[PDB]
Amino acid sequence: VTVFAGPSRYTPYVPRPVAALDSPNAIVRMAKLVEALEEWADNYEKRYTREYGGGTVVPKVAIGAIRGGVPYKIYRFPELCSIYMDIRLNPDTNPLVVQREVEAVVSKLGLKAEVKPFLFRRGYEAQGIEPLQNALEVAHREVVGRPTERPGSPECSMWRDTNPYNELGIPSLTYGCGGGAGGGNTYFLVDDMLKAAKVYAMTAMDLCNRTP
Amino acid sequence: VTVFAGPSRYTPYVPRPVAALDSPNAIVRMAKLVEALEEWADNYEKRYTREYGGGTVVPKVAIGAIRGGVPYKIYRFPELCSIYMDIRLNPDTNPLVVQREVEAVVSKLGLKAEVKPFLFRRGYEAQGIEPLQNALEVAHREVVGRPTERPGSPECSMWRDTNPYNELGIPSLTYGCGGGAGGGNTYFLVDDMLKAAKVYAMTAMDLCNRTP
Amino acid sequence: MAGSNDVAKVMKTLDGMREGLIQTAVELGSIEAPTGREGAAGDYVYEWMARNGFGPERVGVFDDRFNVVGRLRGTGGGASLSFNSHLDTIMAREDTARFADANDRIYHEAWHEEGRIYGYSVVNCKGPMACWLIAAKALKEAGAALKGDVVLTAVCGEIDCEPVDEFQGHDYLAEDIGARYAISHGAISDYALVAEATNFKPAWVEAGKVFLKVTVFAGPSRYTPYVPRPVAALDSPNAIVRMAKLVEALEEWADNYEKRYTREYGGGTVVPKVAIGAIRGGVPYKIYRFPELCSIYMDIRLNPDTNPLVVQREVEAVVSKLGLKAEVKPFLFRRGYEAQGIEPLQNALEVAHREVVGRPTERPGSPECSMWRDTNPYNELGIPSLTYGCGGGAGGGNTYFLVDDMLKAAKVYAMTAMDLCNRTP
Ligand SMILES: O=C(O)c1cc([N+](=O)[O-])ccc1O
Ligand SMILES: O=C(O)c1cc([N+](=O)[O-])ccc1O
Ligand SMILES: O=C(O)c1cc([N+](=O)[O-])ccc1O
Ligand SMILES: [Mn+2]
């Protein structure tokens with residue numbers, strides 16, 4: 001998201017006082033856009049929460065980077081300033097819909113901006129997962145002792161490589177020990193790692209002996 | 001000015017909703033510092049305006065650059081974010097005093113920050129300027145036709161190379177045709193350029209024939 | 001003010017760091033680091049400050065010639081004090097053109113024999129540098145209460161090397177990329193103490209300087225079998241010969257220059273001196289024709305109130321009185337300053353000095369007020385600054401410090417900080 005302003009002025013000529021949204025300094029305007037975008041994000045994750053058999057997807061939003069202009073030439077404030085947003089999608093959300101929502105936040109503030117997508121990947125729920133699901137379930141109850149529980153939302157609402165497999169028709173799930181690093185967990189119990197390796201092996205012995 | 005926050009979280013784990021000033025995303029907190037610094041800046045130029053024989057100094061403030069973190073790794077928001085400020089000084093202001101004021105703005109918001117100077121240069125009013133002043137005045141009245149006026153404040157309140165000369169004991173002023181580029185003027189009238197070259201020449205013929 | 005009971009604790013700590021003080025000086029003095037190659041010395045100080053948690057920054061114009069700046073941060077609301085010394089040393093092993101034996105030992109090395117530390121690199125200037133490094137370490141480890149920051153500034157290029165003619169850029173610069181660069185790019189503070197060797201005598205006046213290149217003209221060039229003889233020296237076609245005459249006229253001017261421009265300031269009495277530091281003309285590998293020109297290079301110190309153009313005209317007159325044609329061209333100008341508003345640092349130091357050294361401070365020796373030290377950049381930029389350390393100056397030239405004296409200076413440095421850094425700006 002690049003917000004435009006201007007005209008550029010050498011610091012001894014900058015007009016003051018001026019309303020934030022009218023500032024010639026694009027950094028100043030962006031700061032106002034950021035709090036509007038944070039509230040939009042607060043409501044986004046709730047509006048687009050969606051439950052699937054494979055888990056509940058809670059799609060979140062973060063502002064991951066900002067810049068404008070360059071640190072080694074600061075005697076003129078920037079005519080532009082960019083923000084970089086990570087916006088997670090549930091499998092059923094079109095990226096263009098999200099872009100218009102953001103274009104609208106900007107429009108409500110009366111700002112001139114460019115909202116440009118530079119990454120798009122689709123999320124998927126597995127189709128025909130039952131054989132792997134079952135093979136794993138059997139192994140899990142043997143090694144861990146109880147039925148499996150429904151996954152925590154953050155671990156359903158990220159990017160993991162189940163997506164490429166699913167996209168290409170290889171039914172796929174994710175499973176391992178410990179809390180996610182995004183959490184952030186910083187360790188594994190050696191005993192749990194051993195448990196997992198056992199589950200992985202058992203899963204293989206079931207599944208790899210079926211005829212396709 | 002670097003604002004600190006954290007802890008870093010993978011986008012699917014970001015806590016919402018959170019008050020801006022309590023946000024784990026330093027960019028979010030920074031937006032809030034930017035508003036406080038913009039108000040402080042509106043008042044700074046008035047509080048430190050000061051009138052001298054060589055002109056009236058109106059010292060301004062601009063935020064010239066912002067960044068955090070990097071655009072090519074945005075899946076975790078930054079724990080820090082930096083701002084880069086141009087703060088003009090009248091010849092009589094200690095830089096450390098200004099730093100304390102900026103640290104105070106930060107403190108009033110309950111933020112943890114580093115306010116670190118990376119540039120300091122002094123401004124000067126000329127001493128013992130009269131002979132040059134006089135030669136120039138005379139030449140100016142012959143070529144332009146009326147007396148010189150007191151300069152516009154932005155042209156007194158910037159950085160020009162009169163400062164190194166005055167610092168080193170060489171009485172020095174600035175003088176030319178047209179509006180300043182920080183203005184921003186984008187052309188000169190050839191007639192005005194010719195007038196200046198005449199004023200320069202006459203100034204030289206007077207002054208360089210005076211005894212030191 | 002200085003703490004009552006918190007001083008004794010810090011002093012005790014300093015008594016226990018004596019050998020650490022010694023090794024630091026010796027290791028530091030041992031590094032080959034003449035002006036132009038202080039890189040390695042900077043690297044040492046950076047990792048020393050880093051280990052002791054002063055969070056150093058490299059602040060420089062080149063990646064191999066830089067200043068090192070760290071801080072000992074205070075609780076809040078106090079005055080800042082800089083401690084400053086320089087990383088370069090005087091003699092390079094290269095320099096057979098100014099010294100009779102460029103490769104002595106005292107010129108390049110540093111060792112602890114007897115409870116003394118020998119070496120020009122220690123007198124100027126790693127001895128005093130070690131002192132405040134240790135003082136800072138003591139303050140930090142003793143948990144001394146300081147409201148203000150202590151800024152630790154180790155600079156490059158203090159020694160008066162300057163570029164001229166075909167000698168340009170990285171290899172020949174000094175002061176332009178040293179302290180004044182560091183201060184201009186962050187190393188600012190309320191007051192500054194420059195640790196160089198005075199003898200426990202504070203100085204807060206220093207001299208400026210103007211360097212003149214004087215080229216005398218003659219001619220016409222003649223192949224040696226054609227040179228006209230006999231001719232009065234001042235009429236010689238050989239510019240070398242005429243210069244020889246100008247040289248004794250300039251030496252006479254110099255004997256009187258220093259006396260005429262002696263001036264007494266509160267910060268010390270300035271006796272500004274003159275030396276001819278170099279001569280050349282023309283080239284050694286083509287001597288079959290004498291030169292039509294010959295240049296001389298003069299170091300002329302200025303008191304704080306003398307315009308360099310005034311001095312240039314005096315030299316031009318000397319040339320004129322001999323009936324010679326010459327170009328007197330300046331290729332270096334720096335101003336000297338007396339500290340303004342120095343009293344708080346003066347007082348903090350005075351009290352400390354009397355606790356440790358035992359007697360009042362005396363007025364400084366003239367050469368130490370009439371030289372170039374890094375007080376000039378600090379004062380030029382509005383940071384009141386004085387000089388103070390142990391031992392005799394290398395310009396003397398002294399060649400050693402007493403360890404007992406170094407321990408004393410480090411103690412004086414600490415007390416000064418404990419006083420000053422708790423005053424309100
Ligand atoms: O699987 C994860 O937890 C995970 C976390 C991050 N991250 O916190 O940035 C990135 C990729 C991951 O797979
Ligand atoms: O002299 C000026 O007007 C001037 C303007 C800028 N600027 O607008 O960035 C910089 C240097 C200047 O001298
Ligand atoms: O500080 C000094 O004593 C000093 C001496 C010389 N020198 O003797 O050539 C040069 C630079 C100095 O700072
Ligand atoms: Mn020195």
# chains A, B, ... in the order shown; residues from 1 in each chain; ligands from 1
$ interface_residues --of "chain B" --to "chain C" --cutoff "7 Å" --atoms "only C-alpha atoms" --output "list in words"
residues 117, 118, 119, 120, 121 and 168 of chain B
$ closest_atom_pairs --of "chain B" --to "chain A" --cutoff "8 Å" --atoms "only C-alpha atoms" --output "Markdown table"
| residue | atom | partner | partner_atom | distance |
| --- | --- | --- | --- | --- |
| B:9 | CA | A:182 | CA | 5.7 |
| B:10 | CA | A:182 | CA | 4.7 |
| B:11 | CA | A:62 | CA | 5.8 |
| B:12 | CA | A:154 | CA | 5.3 |
| B:13 | CA | A:154 | CA | 6.0 |
| B:14 | CA | A:60 | CA | 7.3 |
| B:16 | CA | A:42 | CA | 6.0 |
| B:17 | CA | A:42 | CA | 5.9 |
| B:20 | CA | A:35 | CA | 7.6 |
| B:25 | CA | A:63 | CA | 7.8 |
| B:27 | CA | A:66 | CA | 7.4 |
| B:28 | CA | A:34 | CA | 6.8 |
| B:30 | CA | A:31 | CA | 7.9 |
| B:31 | CA | A:31 | CA | 4.5 |
| B:32 | CA | A:31 | CA | 7.3 |
| B:34 | CA | A:28 | CA | 6.9 |
| B:35 | CA | A:28 | CA | 7.6 |
| B:42 | CA | A:17 | CA | 5.7 |
| B:58 | CA | A:12 | CA | 7.6 |
| B:59 | CA | A:12 | CA | 6.7 |
| B:60 | CA | A:12 | CA | 5.5 |
| B:61 | CA | A:11 | CA | 6.5 |
| B:62 | CA | A:11 | CA | 6.0 |
| B:63 | CA | A:77 | CA | 6.2 |
| B:64 | CA | A:74 | CA | 4.2 |
| B:65 | CA | A:69 | CA | 5.1 |
| B:66 | CA | A:67 | CA | 5.4 |
| B:67 | CA | A:67 | CA | 4.4 |
| B:68 | CA | A:66 | CA | 5.5 |
| B:69 | CA | A:65 | CA | 5.0 |
| B:70 | CA | A:65 | CA | 5.5 |
| B:71 | CA | A:65 | CA | 5.3 |
| B:73 | CA | A:64 | CA | 7.6 |
| B:74 | CA | A:64 | CA | 4.2 |
| B:75 | CA | A:64 | CA | 6.2 |
| B:76 | CA | A:64 | CA | 5.9 |
| B:77 | CA | A:64 | CA | 4.3 |
| B:78 | CA | A:64 | CA | 6.6 |
| B:84 | CA | A:71 | CA | 6.6 |
| B:85 | CA | A:74 | CA | 7.3 |
| B:86 | CA | A:75 | CA | 6.3 |
| B:88 | CA | A:12 | CA | 7.8 |
| B:154 | CA | A:12 | CA | 5.2 |
| B:155 | CA | A:12 | CA | 7.8 |
| B:157 | CA | A:12 | CA | 6.1 |
| B:158 | CA | A:12 | CA | 5.8 |
| B:182 | CA | A:10 | CA | 4.6 |
| B:183 | CA | A:13 | CA | 6.5 |
| B:184 | CA | A:9 | CA | 7.1 |
$ write_last_selection --atoms "N, CA and C atoms" --output "CSV table (one decimal), in the first residue's frame"
chain,number,residue,atom,x,y,z
B,9,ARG,N,5.7,-12.3,16.3
B,9,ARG,CA,4.8,-13.4,16.1
B,9,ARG,C,4.5,-13.6,14.6
B,10,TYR,N,4.5,-14.8,14.2
B,10,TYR,CA,4.0,-15.2,12.8
B,10,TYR,C,2.6,-14.8,12.7
B,11,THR,N,2.3,-14.2,11.5
B,11,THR,CA,1.0,-13.6,11.4
B,11,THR,C,-0.2,-14.3,11.9
B,12,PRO,N,-0.3,-15.7,11.7
B,12,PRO,CA,-1.4,-16.3,12.2
B,12,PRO,C,-1.6,-16.3,13.8
B,13,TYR,N,-0.6,-15.8,14.5
B,13,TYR,CA,-0.7,-15.8,15.9
B,13,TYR,C,-0.8,-14.4,16.5
B,14,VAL,N,-0.9,-13.4,15.7
B,14,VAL,CA,-0.9,-12.0,16.2
B,14,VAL,C,-2.1,-11.8,17.1
B,16,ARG,N,-5.1,-10.0,18.7
B,16,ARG,CA,-6.0,-8.9,18.4
B,16,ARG,C,-7.3,-9.0,19.2
B,17,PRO,N,-7.9,-7.9,19.7
B,17,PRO,CA,-7.4,-6.6,19.5
B,17,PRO,C,-6.5,-6.1,20.6
B,20,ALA,N,-3.2,0.4,20.4
B,20,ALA,CA,-2.0,0.8,19.6
B,20,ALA,C,-0.7,0.9,20.4
B,25,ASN,N,3.5,-4.9,17.4
B,25,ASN,CA,4.0,-4.4,16.1
B,25,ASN,C,4.6,-3.0,16.3
B,27,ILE,N,5.6,-1.0,14.3
B,27,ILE,CA,5.2,-0.1,13.3
B,27,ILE,C,3.9,0.6,13.8
B,28,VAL,N,3.0,-0.2,14.5
B,28,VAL,CA,1.8,0.3,15.0
B,28,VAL,C,2.1,1.3,16.0
B,30,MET,N,4.7,3.1,16.4
B,30,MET,CA,5.4,4.2,15.8
B,30,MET,C,4.4,5.2,15.2
B,31,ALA,N,3.3,4.7,14.6
B,31,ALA,CA,2.3,5.6,14.0
B,31,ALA,C,1.8,6.5,15.0
B,32,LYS,N,1.7,6.0,16.3
B,32,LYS,CA,1.3,6.8,17.4
B,32,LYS,C,2.5,7.8,17.8
B,34,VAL,N,4.5,9.1,15.8
B,34,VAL,CA,4.5,10.1,14.7
B,34,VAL,C,3.5,11.2,14.9
B,35,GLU,N,2.3,11.0,15.5
B,35,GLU,CA,1.3,12.0,15.7
B,35,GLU,C,1.8,12.9,16.8
B,42,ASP,N,5.0,21.3,15.4
B,42,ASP,CA,4.3,22.5,15.1
B,42,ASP,C,4.6,23.6,16.1
B,58,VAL,N,13.5,30.8,11.7
B,58,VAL,CA,12.3,30.0,11.9
B,58,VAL,C,12.7,28.5,11.7
B,59,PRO,N,13.1,27.8,12.8
B,59,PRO,CA,13.6,26.5,12.7
B,59,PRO,C,12.6,25.4,12.6
B,60,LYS,N,12.6,24.6,11.6
B,60,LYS,CA,11.5,23.7,11.4
B,60,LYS,C,11.9,22.2,11.6
B,61,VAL,N,11.0,21.3,11.7
B,61,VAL,CA,11.2,19.9,11.9
B,61,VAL,C,10.4,19.1,10.9
B,62,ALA,N,11.1,18.1,10.3
B,62,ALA,CA,10.4,17.2,9.4
B,62,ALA,C,10.8,15.7,9.7
B,63,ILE,N,9.9,14.8,9.6
B,63,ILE,CA,10.3,13.4,9.6
B,63,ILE,C,10.7,12.9,8.2
B,64,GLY,N,11.9,12.6,8.0
B,64,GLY,CA,12.4,12.4,6.7
B,64,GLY,C,12.5,11.0,6.1
B,65,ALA,N,12.4,10.1,7.0
B,65,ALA,CA,12.5,8.7,6.6
B,65,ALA,C,11.9,7.8,7.7
B,66,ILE,N,11.3,6.6,7.3
B,66,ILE,CA,10.9,5.6,8.3
B,66,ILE,C,11.2,4.3,7.7
B,67,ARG,N,11.5,3.4,8.6
B,67,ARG,CA,11.6,2.0,8.2
B,67,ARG,C,11.5,1.0,9.3
B,68,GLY,N,11.0,-0.2,9.0
B,68,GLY,CA,11.1,-1.4,9.8
B,68,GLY,C,10.1,-2.3,9.1
B,69,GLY,N,10.3,-3.6,9.0
B,69,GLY,CA,11.6,-4.2,9.0
B,69,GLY,C,11.9,-4.2,7.5
B,70,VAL,N,11.9,-5.4,6.9
B,70,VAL,CA,12.3,-5.5,5.5
B,70,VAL,C,11.1,-6.0,4.7
B,71,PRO,N,11.0,-5.5,3.5
B,71,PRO,CA,9.8,-5.7,2.6
B,71,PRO,C,9.8,-7.1,2.0
B,73,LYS,N,10.6,-9.9,3.7
B,73,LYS,CA,10.3,-10.9,4.8
B,73,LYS,C,9.2,-10.4,5.7
B,74,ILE,N,8.0,-10.4,5.3
B,74,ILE,CA,7.0,-9.7,6.1
B,74,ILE,C,6.0,-10.6,6.9
B,75,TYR,N,6.3,-11.9,7.0
B,75,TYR,CA,5.4,-12.8,7.7
B,75,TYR,C,5.5,-12.6,9.2
B,76,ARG,N,6.4,-11.9,9.7
B,76,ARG,CA,6.5,-11.5,11.2
B,76,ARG,C,6.7,-10.0,11.3
B,77,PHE,N,5.8,-9.3,12.0
B,77,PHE,CA,6.0,-7.9,12.1
B,77,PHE,C,7.2,-7.6,12.9
B,78,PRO,N,7.7,-6.4,12.8
B,78,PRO,CA,9.0,-6.0,13.4
B,78,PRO,C,8.9,-5.7,14.9
B,84,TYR,N,13.5,9.0,11.2
B,84,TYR,CA,14.7,9.8,11.1
B,84,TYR,C,14.3,11.3,10.9
B,85,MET,N,14.7,12.1,11.9
B,85,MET,CA,14.2,13.5,12.0
B,85,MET,C,15.2,14.6,11.7
B,86,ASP,N,14.8,15.5,10.9
B,86,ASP,CA,15.5,16.7,10.6
B,86,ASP,C,15.0,17.8,11.5
B,88,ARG,N,15.9,21.5,12.8
B,88,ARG,CA,16.8,22.7,12.6
B,88,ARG,C,17.0,23.5,13.9
B,154,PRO,N,12.8,31.3,5.5
B,154,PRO,CA,13.4,30.0,5.2
B,154,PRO,C,14.8,30.1,4.6
B,155,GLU,N,15.2,31.3,4.0
B,155,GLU,CA,16.5,31.4,3.5
B,155,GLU,C,17.5,31.8,4.6
B,157,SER,N,17.0,30.2,7.6
B,157,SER,CA,16.8,29.1,8.6
B,157,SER,C,17.2,27.7,8.0
B,158,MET,N,18.2,27.7,7.1
B,158,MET,CA,18.6,26.5,6.5
B,158,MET,C,20.0,26.2,6.7
B,182,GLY,N,14.1,25.0,-2.4
B,182,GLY,CA,13.4,24.4,-1.4
B,182,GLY,C,12.0,24.8,-1.4
B,183,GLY,N,11.7,25.8,-2.3
B,183,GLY,CA,10.5,26.6,-2.4
B,183,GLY,C,9.2,25.9,-2.9
B,184,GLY,N,9.2,25.3,-4.1
B,184,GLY,CA,10.4,25.2,-5.0
B,184,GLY,C,10.3,25.8,-6.3
$ residues_around --residues "segment 98-107 of chain B" --least-positions-apart "3" --cutoff "8 Å" --atoms "only C-alpha atoms" --output "list in words"
residues 33, 36, 37, 40, 93, 94, 95, 110, 111, 112, 113, 115 and 117 of chain B
$ write_last_selection --atoms "N, CA and C atoms" --output "short mmCIF file (atom, residue, chain, number, x, y, z; two decimals), in the first residue's frame"
data_model
loop_
_atom_site.label_atom_id
_atom_site.label_comp_id
_atom_site.auth_asym_id
_atom_site.auth_seq_id
_atom_site.Cartn_x
_atom_site.Cartn_y
_atom_site.Cartn_z
N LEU B 33 3.69 7.37 17.66
CA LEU B 33 4.68 8.34 18.04
C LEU B 33 4.72 9.47 17.03
N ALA B 36 2.46 12.38 17.84
CA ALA B 36 2.93 13.17 18.97
C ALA B 36 4.07 14.06 18.55
N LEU B 37 4.90 13.54 17.66
CA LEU B 37 6.04 14.28 17.18
C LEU B 37 5.62 15.36 16.22
N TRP B 40 4.41 18.28 18.45
CA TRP B 40 5.57 18.88 19.07
C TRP B 40 6.30 19.75 18.08
N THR B 93 20.75 27.19 20.29
CA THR B 93 20.15 26.03 20.94
C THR B 93 21.10 24.84 21.04
N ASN B 94 21.30 24.34 22.25
CA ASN B 94 22.10 23.15 22.44
C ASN B 94 21.34 21.94 21.96
N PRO B 95 21.98 21.09 21.15
CA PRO B 95 21.30 19.93 20.58
C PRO B 95 20.79 18.98 21.64
N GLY B 110 4.50 6.64 27.19
CA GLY B 110 4.76 5.38 27.84
C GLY B 110 5.55 4.41 26.99
N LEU B 111 6.20 4.93 25.96
CA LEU B 111 6.95 4.09 25.03
C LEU B 111 8.40 3.94 25.44
N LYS B 112 8.96 2.79 25.09
CA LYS B 112 10.38 2.53 25.19
C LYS B 112 11.02 2.89 23.86
N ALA B 113 11.99 3.80 23.88
CA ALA B 113 12.64 4.21 22.64
C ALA B 113 14.08 4.59 22.83
N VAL B 115 16.46 7.51 21.41
CA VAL B 115 16.61 8.73 20.65
C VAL B 115 18.09 9.01 20.52
N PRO B 117 21.29 10.79 18.38
CA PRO B 117 21.74 11.76 17.38
C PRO B 117 22.78 11.16 16.47
#
$ residues_around --residues "residue 300 of chain C" --least-positions-apart "3" --cutoff "8 Å" --atoms "only C-alpha atoms" --output "list in words"
residues 209, 210, 211, 212, 272, 273, 274 and 275 of chain C
$ write_last_selection --atoms "N, CA and C atoms" --output "compact mmCIF listing (two decimals), in the first residue's frame"
# COMPACT_ATOMS: atom_id res chain seq x y z
N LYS C 209 46.50 26.96 14.02
CA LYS C 209 47.67 26.76 13.18
C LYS C 209 47.37 27.13 11.75
N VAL C 210 48.35 27.67 11.04
CA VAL C 210 48.25 27.81 9.59
C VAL C 210 49.51 27.23 8.97
N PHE C 211 49.35 26.41 7.95
CA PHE C 211 50.49 25.85 7.23
C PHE C 211 50.68 26.60 5.92
N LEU C 212 51.90 27.08 5.68
CA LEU C 212 52.19 27.83 4.47
C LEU C 212 53.14 27.10 3.57
N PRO C 272 52.98 30.87 20.71
CA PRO C 272 52.81 30.26 19.40
C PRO C 272 54.12 30.19 18.61
N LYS C 273 54.58 29.00 18.25
CA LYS C 273 55.89 28.86 17.63
C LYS C 273 55.87 28.55 16.14
N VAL C 274 57.04 28.59 15.52
CA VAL C 274 57.19 28.38 14.08
C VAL C 274 58.30 27.41 13.76
N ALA C 275 58.06 26.50 12.84
CA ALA C 275 59.11 25.60 12.39
C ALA C 275 58.99 25.37 10.89
$ atom_distance --atom1 "atom CA of residue 5 of chain C" --atom2 "atom CA of residue 387 of chain C"
27.5 Å
$ residues_near_ligand --ligand "ligand 3" --cutoff "8 Å" --atoms "only C-alpha atoms and all ligand atoms" --output "JSON, numbers by chain"
{"C": [86, 89, 90, 123, 124, 125, 158, 159, 160, 196, 197, 368, 371, 372, 373, 374, 393, 394, 395, 396, 397]}
$ atom_distance --atom1 "atom CA of residue 22 of chain B" --atom2 "atom CA of residue 5 of chain B"
8.0 Å
$ residues_around --residues "residue 149 of chain B" --least-positions-apart "3" --cutoff "12 Å" --atoms "only C-alpha atoms" --output "tab-separated table (two decimals) with N, CA, C and O atoms, in the first residue's frame"
chain	number	residue	atom	x	y	z
B	54	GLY	N	21.03	39.38	11.12
B	54	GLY	CA	21.20	38.81	9.80
B	54	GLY	C	19.96	38.19	9.19
B	54	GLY	O	19.98	37.81	8.03
B	55	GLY	N	18.89	38.11	9.96
B	55	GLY	CA	17.63	37.59	9.48
B	55	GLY	C	16.86	36.95	10.61
B	55	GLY	O	17.40	36.77	11.69
B	137	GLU	N	25.35	46.29	-0.49
B	137	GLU	CA	24.23	47.21	-0.49
B	137	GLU	C	24.36	48.23	-1.60
B	137	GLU	O	23.43	48.47	-2.35
B	140	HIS	N	23.99	46.65	-4.97
B	140	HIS	CA	22.59	46.28	-5.11
B	140	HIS	C	21.73	47.47	-5.48
B	140	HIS	O	20.85	47.34	-6.32
B	141	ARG	N	21.98	48.62	-4.88
B	141	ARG	CA	21.14	49.77	-5.17
B	141	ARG	C	21.40	50.33	-6.56
B	141	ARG	O	20.54	50.98	-7.13
B	144	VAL	N	19.79	46.96	-8.97
B	144	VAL	CA	18.39	46.59	-8.77
B	144	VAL	C	17.50	47.82	-8.59
B	144	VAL	O	16.34	47.82	-8.98
B	146	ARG	N	16.54	49.77	-5.79
B	146	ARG	CA	16.00	50.16	-4.51
B	146	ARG	C	16.81	49.45	-3.42
B	146	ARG	O	17.57	48.55	-3.74
B	152	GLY	N	13.69	36.46	3.49
B	152	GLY	CA	12.63	35.58	3.94
B	152	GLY	C	13.19	34.54	4.90
B	152	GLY	O	14.28	34.04	4.71
B	153	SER	N	12.42	34.21	5.92
B	153	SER	CA	12.92	33.31	6.96
B	153	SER	C	13.47	31.96	6.51
B	153	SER	O	14.43	31.49	7.09
B	175	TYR	N	23.55	35.59	-1.01
B	175	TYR	CA	22.88	36.52	-1.90
B	175	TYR	C	22.82	36.02	-3.33
B	175	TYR	O	23.84	35.65	-3.90
